[PDB]
Amino acid sequence: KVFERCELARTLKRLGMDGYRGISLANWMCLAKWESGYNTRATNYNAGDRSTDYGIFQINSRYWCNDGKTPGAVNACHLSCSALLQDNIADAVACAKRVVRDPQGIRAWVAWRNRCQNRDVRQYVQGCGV
Ligand SMILES: [Cl-]
Ligand SMILES: [Cl-]
Ligand SMILES: [Cl-]
């Protein structure tokens, strides 16, 4: 599914994302907008390294989830990558929390550095009741 902005924002707040390891809700919103345009079924194959990025946060199969088809991969989220293609994003959120427990935090996503870091991301949550 393709979330609407404010419904997403409340969905993520319910799932404990606001201020998770120091990360405001707006940053997560910015990350989701730029990774997938709020589309849980979004995928991107990386021909270069044989990995795939899954779902609304575009979580990569090499490190985080299992798809069976990525060399030398580990599954730190302990999930099938299919869990990251669901309408219900709880599993994707749990995995995203796990990504940011590692030592880069949100910096693990390059789209966040490009499109979010040291920018004014207030607009993402404006009007949403969060
Ligand atoms: Cl911030
Ligand atoms: Cl699973
Ligand atoms: Cl679902």
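Residues numbered from 1 in each chain as written, not as in the entry; some residues may be left out. Chains lettered and ligands numbered in written order. Heavy atoms only, no water.

Per the PDB record, the structure was determined using X-ray crystallography to 1.48 Å resolution.

As annotated in the PDB entry, the protein is LYSOZYME C from Homo sapiens. In the PDB, the entry goes by the title "Crystal Structure Analysis of Human lysozyme at 178K". Here the protein is described in UniProt, under the heading Function, as follows: "Lysozymes have primarily a bacteriolytic function; those in tissues and body fluids are associated with the monocyte-macrophage system and enhance the activity of immunoagents." (UniProt positions renumbered as here; feature names shortened; annotations may be inferred.)

Student: Even after reading the chapter, I still don't get helix 3 (residues 90-101), so can you show me in this structure?
Tutor: Since the α-helix advances by 3.6 residues per turn, residues separated by three or four positions end up pointing in the same direction. Look at helix 3: 17 Å from first C-alpha to last across 12 residues, which is about the 16 Å you get at 1.5 Å a residue. Listed in full, the buried residues belonging to helix 3 are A92, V93, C95, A96, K97, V99 and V100. Buried-residue contacts for helix 3 involve helix 1 (5-14), helix 2 (25-36) and strand 3 (59-60). (Helix = DSSP H or I, 4+ residues; strand = E, 2+ residues; numbered from the N terminus. Expected span 1.5 Å × (residues − 1). Buried < 20%, exposed > 50% of the residue type's maximum accessible area, 1.4 Å probe, protein only. Contact = heavy atoms within 4.5 Å.)

Student: Got a minute to help me understand the state of the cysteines in this structure?
Tutor: The bond known as a disulfide is covalent and runs between the sulfur atoms of two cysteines. For the structure on display, the rule yields four disulfides. Note on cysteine connectivity: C65 is disulfide-linked to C81, with sulfurs 2.1 Å apart. Looking down the S-S bond of the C65 and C81 bridge, the torsion is 100 degrees, so its handedness is right-handed. Of this pair, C65 sits in the loop between strand 3 and helix 3 while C81 sits in the loop between strand 3 and helix 3; the two residues are 16 residues apart in sequence, bridging distant segments of the chain. Exposure class is identical for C65 and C81. Each is buried. (Disulfide = S-S within 2.5 Å.)

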